[PDB]
Amino acid sequence: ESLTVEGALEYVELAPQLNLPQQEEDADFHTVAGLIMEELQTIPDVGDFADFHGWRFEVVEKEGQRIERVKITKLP
């Protein structure tokens, strides 16, 4: 599977690689999965997604209640 990360990748680890923008100190999430929950404000099902700074984050696999895998694509 093409362009996917684990839910629990750290923003701090992903972002410098996608040039995502730096976060502030009052950080609301630390992980890809956390990013998704933050934007949605709810428990994402499979195939829920969040758009953020020009990218889309889509939950492809849930293991239980954990977001296991997310698929990163590009927005318009």
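For the numbers below, each heavy atom of this structure counts, side chains included, while hydrogens, waters and symmetry mates do not. Here, residue 1 is the first one in the sequence, and each next residue gets the next number.
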(request) Report the distance from atom CG of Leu9 to atom CD of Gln17, rounding to the nearest 0.5 Å. (result) 7.5 Å
(message) If you define the side chain from C-beta out and look only at heavy atoms, does anything of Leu35 sit under 4.5 Å from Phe57?
(response) yes
(request) Side-chain contact test, heavy atoms from C-beta onward, threshold under 4.5 Å: evaluate it for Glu61 versus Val70 and give yes or no. (result) no
(message) Just so I know, are the side chains of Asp45 and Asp48 near enough to count as touching, which here means a heavy-atom distance under 4.5 Å?
(response) yes
(message) Nearest 0.5 angstrom please: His53 NE2 to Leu20 CG, how far?
(response) 8.0 Å
(request) List the atom of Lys74, the atom of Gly54, and the distance in Å for their closest heavy-atom pair. (result) NZ-O, 3.1 Å
(message) Would a single hydrophobic cluster contain both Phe52 and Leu40, if residues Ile, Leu, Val, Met, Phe, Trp and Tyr are joined by side-chain heavy-atom contacts under 4.5 Å?
(response) yes
(message) Going by the rule side-chain hydrogen bond (donor to acceptor under 3.5 Å, both in side chains), which residues pair with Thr4 if we only count those two or more places apart in sequence or in a different chain?
(response) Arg69
(message) Any non-hydrogen side-chain atom of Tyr11 less than 4.5 Å from a side-chain atom of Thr31?
(response) no
(message) One pair to check against side-chain contact (heavy atoms from CB on, under 4.5 Å): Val46 and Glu58. What are the steps and the verdict?
(response) CA-CA 8 Å; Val46 171; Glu58 184 185 8; over 6 Å; no
(message) How long is the straight-line distance from CD1 of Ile43 back to CD1 of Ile36, given to the nearest 0.5 Å?
(response) 12.0 Å
(message) Could you tell me if the side chain of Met37 sits less than 4.5 Å from the side chain of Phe29, heavy atoms only?
(response) no
(message) Applying salt bridge (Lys or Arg N to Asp or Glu O under 4.0 Å), can you list everything that pairs with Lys62, at least two apart in sequence or on another chain?
(response) none
(request) Look up atom CD in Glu6 and atom CD1 in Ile67, then write down how far apart they are to the nearest 0.5 Å. (result) 12.0 Å
(request) Treating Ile, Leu, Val, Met, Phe, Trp and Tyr as nodes and any side-chain heavy-atom pair under 4.5 angstrom as an edge, say whether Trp55 and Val5 lie in one connected cluster. (result) yes
(request) Determine the minimum heavy-atom distance between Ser2 and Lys71, stating which atoms define it. (result) O-NZ, 2.6 Å
